[PDB]
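Participant: Residue numbers (the UniProt record's numbering), protein chains in the order written: chain A, 1 to 9, 13 to 50, 54 to 125, 131 to 301; chain B, 1037 to 1086; chain C, 9 to 71, 82 to 139, 150 to 238, 256 to 364; chain D, 1235 to 1332.
1) Looking at residue 115 of chain A: is its Cβ nearer than 8 Å to the Cβ of residue 197 of chain A?
2) Per DSSP, what kind of secondary structure is residue 314 of chain C in: helix, strand or coil?
3) What is the residue span of the alpha helix (DSSP H) that residue 269 of chain A lies within?
4) In three-state DSSP terms, what is residue 69 of chain C?
5) With 8 Å as the limit, tell me which residues of the region 70-89 of chain A have their beta carbon closer than that to any beta carbon of chain B; keep them in chain order.
6) Inspect the CB distances between the region 51-63 of chain C and the region 1073-1082 of chain B and report whether three or more fall short of 8 Å.
7) With 8 Å as the limit, tell me which residues of the region 33-57 of chain C have their beta carbon closer than that to any beta carbon of chain B; keep them in chain order.
8) Could you confirm whether any beta carbon from chain A is found closer than 8 Å to the beta carbon of residue 117 of chain C?
9) Would you identify the three-state DSSP class for residue 227 of chain C, choosing helix, strand or coil?
10) Mapping the DSSP letters down to three states, classify residue 242 of chain C as helix, strand or coil.
11) Per DSSP, which residues does residue 261 of chain C bridge with? Please list them.
12) Provide the residue span of the alpha helix (DSSP H) that contains residue 228 of chain A, from first to last.
13) Around the Cβ of residue 127 of chain A, are there at least 16 other Cβ atoms within 10 angstroms (buried) or fewer (exposed)?
14) Would residue 1258 of chain D count as contacting chain C if we go by Cβ distances under 8 Å?
15) Using a C-beta to C-beta distance shorter than 8 Å, which residues of chain A count as neighbours of residue 1080 of chain B?
16) Pick out the complete beta strand (DSSP E) segments inside the region 144-190 of chain A, 3 residues or longer, and give them in chain order.
17) Which chain A residues sit within Cβ distance under 8 Å of residue 96 of chain C?
18) In chain D, what lies closer than 8 Å to residue 199 of chain C by C-beta?
19) At the level of alpha carbons, what is the spacing between residue 182 of chain C and residue 274 of chain C?
20) Taking the continuous beta strand (DSSP E) assigned at residue 308 of chain C, which residues delimit it?
21) Could you tell me which chain B residues have their CB closer than 9 Å to the CB of residue 9 of chain A, listed as they occur along the chain?
22) Please confirm if the region 202-217 of chain C is in contact with the region 289-300 of chain C, defined as three or more CB-CB distances below 8 Å between the two stretches.
23) Can you grab the Cα-Cα spacing for the pair residue 87 of chain C / residue 356 of chain C, in whole Å?
24) At a cut of 8 Å, does the region 337-353 of chain C reach the region 309-323 of chain C through at least three beta carbon pairs?
25) Within the same chain, show all residues whose beta-carbon is closer than 7 Å to that of residue 30 of chain C, passing over the 5 residues directly before and after it, in chain order.
26) For residue 311 of chain C, return the contacting residues in chain D, with the cut-off set at a CB-CB distance below 7 Å.
27) Counting only Cβ-Cβ distances shorter than 7 Å, please list the residues of the region 1050-1063 of chain B near chain D, keeping chain order.
28) Taking any Cβ of chain C, which residues in the region 1259-1289 of chain D have a Cβ under 9 Å from it, in chain order?
29) For residue 182 of chain C, which residues does DSSP report across the bridge?
30) Under the rule that 16 or more other beta-carbon atoms within 10 Å means buried, what is residue 360 of chain C, buried or exposed?
31) Do residue 7 of chain A and residue 125 of chain A have their C-beta atoms closer together than 8 Å?
32) Just reading off the alpha helix (DSSP H) that residue 47 of chain A is part of, what are its end residues?
33) Would you decide whether residue 105 of chain C is buried or exposed? Buried here means 16 or more other CB atoms lie within 10 Å of its CB.
34) Kindly say whether residue 29 of chain A, judged by its beta-carbon, lies nearer than 8 Å to any beta-carbon of chain B.
35) Ends of the alpha helix (DSSP H) at residue 139 of chain A?
Now the structure itself:
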């Protein structure tokens, strides 16, 4: 079918800055012919930063590679799950790609100033899946460990969480990170709410697991495994309460199930883009929607 | 700089950038030429590859 | 504004969905125009290319149809890490090497991937016949035993789907595999290709249970961790992925407490009992015709999933 | 015919000149360096020439014969590309050294 999208709006250094990234992708607002500036990628959501809303917005709208930049227009083609494309790793945090590696799109956690073009347009980061999940874990534990040493200095140390969190590793590629060393408490940082979801679900997991095992074990034997895996947890989490207000317990269970499912849909990185044959000499890769 | 109790035979190798002479007789092989055939092997949206 | 009428004339006609044929022996031009799907490989003449229409944008049309063009990922492997008597239709598995700049990848067919499991502890007869030395394969993974020992072997291997063409080079073999799309060969007589998986490694999950039949019953791979060396089994099923994880847990229910009884999980990473991945779909009716596979000496039983549609997914852990 | 070997630290079976060199030559070895005496020591290469002369020379010219070494690089690596390198070597045929 017809795949082009012509959006209307620049000057010479803007031409060079947009020409630097003529192989990258960004989301749109709608799959129509003509659009405005505001319907382009990550502009209306990222300017307080918050990760989960941006991942929801990235899974919300479709995606598009851009092709050419004129003086007053940006010729760009949206991606459809039918046929394949050719995109580029032209992002300033350079994660080297590999053959038949699935590519992800996460909202930019590496600061505004790296993946941007100041006119606004905010490009999302493209990087492979094990690097994606490992940088998710190593930014989340960095968040909670920064909040703990902002609360209690005797629980952890700052260099104790930079010998193991400032670097990601994938097939020998030992990259570094731009970690925000001064987040500031009471929220107000990026990934401030995802840690705030993770802690609540890891707090309500004992009240969930014990209630589930005690409710499942009375139905005598559909399976042995619910009592077979009663030995693998510690007995500290076994003998916790066995009694609470079932109004309060049910409300806690419903909130933990909702936050668990939203968190588990977010830990799945989102729009998974699959490669076929990467060529580092050309910085291009065959890719299609999955 | 005294001799130890053992002797050594070094072994190396060498690269001779020659310029060879392939000589064959007339009507040795009987080659069979096929018709050229084009085929599409990857069809993206920016540039197809033949 | 009359040229727009000619443009909409050039843009209108869809593929023919219905056709009121009258008799069969007449063979009208209209039913031929319904059934004629354009080719992909033709002789090299500009009139012949024009009738073959390969220059048409995206999909083939003589100067959309529910059909997808296949992609062809290319790989490079050392000649000893692969046997040139492999079947055409066999799925392959890439192991990611640890060097940052690699160029030469490392691909394992399940026959070759078997001897990464047996050495260190019929089908194994053929796997030792084809790939004679395990030492020529025990080094493509640098640290196999440590990687099994912490149970992060599955997230290092991504399946790449079935094989198509093997230009039998001397030292650095170049293979072409379909990572996605209709699995069809690139040959001048464009012959059909059937994906084969060896029979002892492949247990059906339909007749393992012994009214709703869909058309697309998928094929699942599964790496499992055993204390007797890890195993690669394959699975045919006509269910959803939600069903495939539960019925695979019930299928692996002896092996989990087998591993629990023999090896206590001392650390926190041994608890992963392997994972699964959809290798793609095929026809649920004509599926899995048996066949035979001869090397020069012997013959293993082997299934043949015919007219396969490759679609890889990630790993979802069994537990 | 007056002495079996002229040195007894390499010509023997489990000798020093064999046990530090005659591992099985692999292209997929993680060190992968080029050891130039491996043509004189690999027993499997020492018994690949067990065939008579005609099928030896046809198998010598029909492929890269045995253990070639790379050019155009700084330190000599064993041959791993194989597409653009091409060379014959008589020391993988007559098993001697000058």
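Here a beta-carbon is modelled for each residue, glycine too, at the ideal position from N, C-alpha and C.
Facilitator: Walking through what the data contain:
1) no
2) coil
3) 257-278
4) coil
5) 73, 83 and 89
6) yes
7) 48, 49, 50, 51, 52 and 57
8) yes
9) coil
10) No atoms of residue 242 of chain C appear, because in chain C residue 238 is followed directly by 256.
11) C:328
12) Note, residue 228 of chain A: premise wrong, no alpha helix (DSSP H); not H, not E.
13) Residue numbering in chain A jumps from 125 to 131; residue 127 of chain A, which lies between, is not modelled.
14) yes
15) 89, 90, 91, 92 and 297
16) 178-181 and 184-187
17) Within 8 Å Cβ-Cβ: nothing; residue 96 of chain C doesn't reach chain A, min ~16 Å.
18) 1261, 1298, 1313, 1314, 1315, 1316 and 1317
19) 14 Å
20) Neither: residue 308 of chain C is in no beta strand (DSSP E) and is coded neither H nor E.
21) Within 9 Å Cβ-Cβ: nothing; residue 9 of chain A doesn't reach chain B, min ~22 Å.
22) no
23) 13 Å
24) no
25) none
26) Within chain D, no residue comes near residue 311 of chain C; the closest Cβ sits about 30 Å away, beyond 7 Å.
27) 1051
28) 1260, 1261, 1262, 1263 and 1264
29) Looking at the DSSP assignment, residue 182 of chain C forms no beta bridge with any residue, so it has no partner.
30) buried
31) no
32) It is not in any alpha helix (DSSP H) - residue 47 of chain A carries neither H nor E in the DSSP assignment.
33) buried
34) no
35) Where residue 139 of chain A is concerned, there is no enclosing alpha helix (DSSP H), although the beta strand (DSSP E) it sits in stretches over 136-139.
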